[PDB]
Every structure is written in structure tokens, then in C-alpha cells.
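Heads up: the structure comes next, in C-alpha cells.
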Number of protein chains: 2
Amino acid sequence: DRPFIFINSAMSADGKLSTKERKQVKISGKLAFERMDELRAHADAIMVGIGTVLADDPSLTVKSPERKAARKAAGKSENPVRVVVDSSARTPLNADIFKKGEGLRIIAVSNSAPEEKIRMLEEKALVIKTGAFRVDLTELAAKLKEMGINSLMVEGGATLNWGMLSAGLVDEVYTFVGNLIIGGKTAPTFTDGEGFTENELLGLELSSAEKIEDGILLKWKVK
Amino acid sequence: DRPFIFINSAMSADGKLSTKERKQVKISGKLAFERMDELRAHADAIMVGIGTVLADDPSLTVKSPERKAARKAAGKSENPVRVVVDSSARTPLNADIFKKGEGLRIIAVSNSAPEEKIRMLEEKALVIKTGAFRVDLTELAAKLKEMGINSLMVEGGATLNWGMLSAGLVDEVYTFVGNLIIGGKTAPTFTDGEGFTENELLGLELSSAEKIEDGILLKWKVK
Ligand SMILES: NC(=O)c1ccc[n+]([C@@H]2O[C@H](COP(=O)([O-])OP(=O)(O)OC[C@H]3O[C@@H](n4cnc5c(N)ncnc54)[C@H](OP(=O)(O)O)[C@@H]3O)[C@@H](O)[C@H]2O)c1
Ligand SMILES: NC(=O)c1ccc[n+]([C@@H]2O[C@H](COP(=O)([O-])OP(=O)(O)OC[C@H]3O[C@@H](n4cnc5c(N)ncnc54)[C@H](OP(=O)(O)O)[C@@H]3O)[C@@H](O)[C@H]2O)c1
């Protein structure tokens, strides 16, 4: 069992999350950010892969003071729980996640992560250890549920999106499709990793499509 | 100068044209095929990369007898011109393109293609030679225009889509987004090749979005 899980990502018209240089580029405008901010404020937790933390160093904070005050007035942290999937415990001790905002941090690591680096992280985050050499996402999802995380927003990363989807852990997939072509066989897509074969394709159902600023927001139910 | 050029492709919700095994899978239903068939019947020419011919061996024919009869009654071939971008002249002499339907075939090759294989193709197609080691798409587009091809449908292939887009030859991009996740860092996307850097991103404008069967058809104007 697990929380309700949805992926929320912005991709170019050709399906890329960023350039081959893994440089993050303007895919969306203000209205799309507000929609993302609102989703963050609503979720119990936000999850991202270590690849995203290293490449972009995001805070994963709710930006609107009002949305933060509202969470606050509901007796919750100003920010939801912030989870990094990080097998080898590479999350830097001065990552922006640890610098900005109140709220719990969780680092999910594997049993093969450096025992001394864990200890350093345990000073500023909760560390959940799971899996042999890679985080066991199914197991992690179960523990997050048990901790009372009923809604989990995966802002992803190409490989983590794959991790979560191929493990059958996802309920819904939201893709803001921006008005640009990024290109490149090596640019990260909305779903990388190994890939499904013809015999394992994951079916979706379209729930909505909404033009927003210069792009379009598509939402699918998984299965 | 060049014909009016549009890319028409079907991709999974995560931007893939097919699986990592390069196996083609059901992305769309009947209505989407009818829309594709109508587009084929309307274009002067259809262009595909040699990777697609080798992987899928498509006929690139108009399937509807009525749409073929209508082209016919307008004094044209039942099928538009069928172009393969094929630097090394790998198009097989028994490819389905040569077996099915009337109409002109063109093979676009580079100046480094085997001189004897050209001759074999020239029996069943027109061969336009252009470029040193890879087909010069800009040059090709110019010759196709001169031949009176005013409308060119690129059904693509991941790498050819990149070729055409990065050469600035494309006016519009149509993507039927199907209700499935394919996944895989090595699965072909709507645009592979080298990829744009942050400084060379190609801007689009959304022209329409139309739910069709279980997917959604997005159309963009380039720039
Ligand atoms: N446009 C958007 O909305 C958006 C949002 C977020 C991110 N991004 C983009 O995503 C890009 C990076 O994506 P990415 O794939 O490199 O990084 P990622 O998906 O954020 O994280 C991937 C890493 O997670 C770790 N992991 C641990 N256990 C795993 C499991 N069971 N399954 C899958 N992964 C597991 C793996 O590394 P270890 O094994 O070393 O731990 C894996 O390489 C960035 O350039 C960023 O711009 C875009
Ligand atoms: N879902 C859909 O609507 C749809 C439609 C069509 C195709 N597809 C998929 O596309 C996949 C294959 O894509 P692909 O990238 O391998 O093949 P492709 O894009 O059809 O053709 C690529 C090849 O074109 C040749 N080419 C020659 N000059 C070029 C130039 N200037 N720029 C770019 N390419 C040039 C190159 O090989 P040489 O240098 O050897 O000539 C290149 O590798 C197939 O698996 C198929 O299922 C999907």
C-alpha cells in the first residue's frame, strides 16, 4: 500500500525535461508555476531524484506566502515533506533543500550508502534506508504512507519517473507541454530508465487538457 | 526556398515514437489513422528517414480508395510522392514502398553512397543526390520545391525530425499524443539527433489541441 501518487513535470513539445547538457530551460510561464505552487501546497510530500538535486539544486519550497500561511493555519508545516531518492547519499549538506524553509526533509537511501554520510544527513533530515544498491521505491512508498503521507507529488526526474511508473506506484501523470523543441537523443525525457517492451506498455486515460499561457497541461490517469 | 513542411507523428504521453527495441506499437486508433490518411492524400509528398523504412517497412500509401480516386480525378497519382532520406542508399529493392501502389518514389542520397546501388534504385525511383556524407536536407527541400512539391509531410523518424527542425525547414509540427507510457532513455522520441543547447531552443506557437479517441492531437506552428 502507498499514498496517492501523481507525477507533475514540464516538458517540451518533443518530450524533454531539459537539454542534453542537463541544463534547465524555460518551458513554462507564471500561470504554470502558480499551478505547480498550488499543487505543492496541497500535497503532503514532494519527491525528487538525486539527479535533479545535483543538476538544479531546487529548494522544493512553496513560494506563495499566502499558501504557506494557509498550510500554517491548518496546523501543518509551511512546506510539505521533501523527499530525495538518493541511493548513495549524495545529497549535498549545503543543498538548497536544507537551506530554505521549515519542514521535514527525508533522504531515501539504499543499504549500500556510506554509513558516515548518512549520519551527517541525519542532522538535518530523516533518513529512510531501503533496498540493496538502489532505493526500493515500493518499500519507500509504504513507509511514507505509514508516516501519514496520503498525497505524494513526484516532480520527478526522468529516471525517477520511470522508477515510479514501472513499479506500478503511480495514479496520475500531469505533463505541462511547453511551446518549444529541445531535441537530442541524450536529453532527459518525461520517462527515461530502461523502458517498457511492447509487451509491458503502461496504459493511460486522458482526464483533461487545458491550454495555459503558451502551452497545454495534460493530465492522465494511470491504467 | 522550400515547400510548406509539416511533421506528423504519433507519440506516447512521454514523447516516444516506439519502444527501445525500435518496435512500433499501438499509439493511436482508427480516427487518428483516418486523419493521417487524409493528410497523406492532401500532401504533394511524404518524407521518411531510412531508419523508419528499415524498422517498419511502411508502404506510405493512401489507404482509402475514395481518397485515392479523388486524387485520381484531380489528375494526380493515387499516392503522393514518397521520399526516403537515405545517405548510403540502404533502401531495400523489395521494400514495401516499391511493392505497393502507383506514384513516384524518390530516394535522397549523399555523394558518398555506393554508385552501383544507386543504379539499381534508379530502376524504380528517382534518385536525388545531395550532400557529402549525409543528405543535405535544405538542398533537397529546394529541389523538391522546384519539382513542384508545394506541400511536404514529414512522417519523420526521430533523427529526421531533428534534421528537418534544426535546419529551420519546418513550418508546423503535429503530435498525436497517445494514452500510454513507453519509457526508456534509448527509445526514439519525437525529436532525437544532437539536440539544441539552451541558447538555440526552437520556439513554437500552439495552434490547436483536439481530443481524438483516447488521445489528443496537438498542432504547433514553428516560431
Ligand atoms: N521540467 C521539469 O518539470 C523537471 C522537474 C524535475 C526535474 N527535471 C529534470 O530532470 C533532470 C534529471 O533527471 P535524472 O533522471 O537525471 O535524475 P532524477 O530522475 O531526478 O533522479 C534519478 C536518480 O534517482 C536515483 N534512484 C535511486 N533509487 C532509484 C530507483 N529505484 N529508481 C529510479 N531512480 C532511483 C538514481 O541514482 P542513484 O542510484 O545514484 O541514487 C537515479 O539515477 C534534470 O536535468 C532536471 O532539469 C525536470
Ligand atoms: N509514431 C510515429 O508516428 C512514427 C512515424 C515514423 C517513424 N516512427 C519511428 O521512428 C523510428 C526510427 O527513427 P530513426 O531516427 O531511427 O530513423 P529516421 O529518423 O526515420 O531516419 C534517420 C536516418 O535518416 C538518415 N539521414 C540522412 N541524412 C540526414 C540528415 N541530414 N539528418 C537526419 N537524418 C538523415 C540517417 O541515416 P543515414 O545517414 O544512414 O542515411 C538517419 O539515421 C522507428 O522505430 C519508427 O517506429 C514513428
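I'd like the full set of residues that are within 7 Å of another protein chain (Cβ to nearest Cβ) and in a strand (DSSP E or B), limited to the stretch B:205-214. Answer for the stretch B:205-214, where residues must be within 7 Å of another protein chain (Cβ to nearest Cβ) and in a strand (DSSP E or B): B:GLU205, B:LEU206, B:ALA209, B:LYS211.
Every test in (1) more than 18 Å from the chain's Cα centre (by Cα); (2) more than 16 Å from A:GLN24 (Cα to Cα) is passed by A:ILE181 save one, and that test is (2). Per the conditions (1) buried (at least 23 other Cβ atoms within 10 Å of the Cβ); (2) within 14 Å of chain A (Cβ to nearest Cβ), the sole criterion not satisfied by B:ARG22 is (1). No other residue among B:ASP57, B:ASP1 is within 16 Å of ligand 2 (Cβ to nearest atom) and either of a type in the set (A, V, I, L, M, F, W, C) or in contact (Cβ under 8 Å) with a residue 24 or more places away in the chain (or both) apart from B:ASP57. Each residue in the stretch A:72-86 was checked for being of a type in the set (D, E, K, R) and assigned to a helix (DSSP H, G or I), and 1 pass. For the stretch B:176-204, filtered to residues that are facing chain A (nearest Cβ under 7 Å) and acidic (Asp, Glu), the residue that is surrounded by the most Cβ atoms within 10 Å (Cβ to Cβ) is B:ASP192. In this structure, does A:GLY15 turn out to be buried (at least 19 other Cβ atoms within 10 Å of the Cβ), within 16 Å of ligand 2 (Cβ to nearest atom) and not aliphatic (A, V, I, L, M)? Yes; evaluated as a whole, the condition is true for this residue. Exactly one residue out of A:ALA32, A:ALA41, A:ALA55 is within 30 Å of B:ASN8 (Cα to Cα) and assigned to a helix (DSSP H, G or I): that is A:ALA32. Any chance the stretch B:47-56 includes a residue that's surrounded by fewer than 19 Cβ atoms within 10 Å (Cβ to Cβ) and within 14 Å of another protein chain (Cβ to nearest Cβ)? Yes, the stretch B:47-56 contains a residue that is surrounded by fewer than 19 Cβ atoms within 10 Å (Cβ to Cβ) and within 14 Å of another protein chain (Cβ to nearest Cβ).
(1) away from ligand 2 (no atom under 13 Å from the Cβ); (2) free of Cβ contacts under 8 Å to residues at least 24 places away in the same chain: which one isn't true of B:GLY29, the others all being true? Just one mismatch for B:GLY29, condition (2). Restricting attention to the stretch A:155-174, the residues that are more than 9 Å from ligand 1 (Cβ to nearest atom) and facing another protein chain (nearest Cβ under 7 Å) add up to 2. Among the criteria (1) more than 14 Å from chain A (Cβ to nearest Cβ); (2) part of a helix (DSSP H, G or I); (3) touching a helix residue (DSSP H, G or I) at 6+ places or on another chain (Cβ under 8 Å), the one B:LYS63 does not fulfil is (2). Hey, any hits in the stretch B:65-74 for a residue that's buried (at least 16 other Cβ atoms within 10 Å of the Cβ), more than 11 Å from ligand 2 (Cβ to nearest atom) and within 19 Å of B:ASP136 (Cα to Cα)? No, that holds for no residue. What do you reckon, is A:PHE133 within 15 Å of ligand 1 (Cβ to nearest atom) and buried (at least 16 other Cβ atoms within 10 Å of the Cβ)? So A:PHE133 does not fit the description; no. Within the stretch B:66-82, the presence of at least one residue that is within 15 Å of B:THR52 (Cα to Cα) and more than 16 Å from ligand 1 (Cβ to nearest atom) is confirmed.
Using ideal geometry, Cβ is built from the backbone for each residue, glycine included, and neighbour counts are taken over all protein chains shown. Values quoted throughout were computed directly from the atomic coordinates according to the rules given, and no laboratory measurement underlies them.
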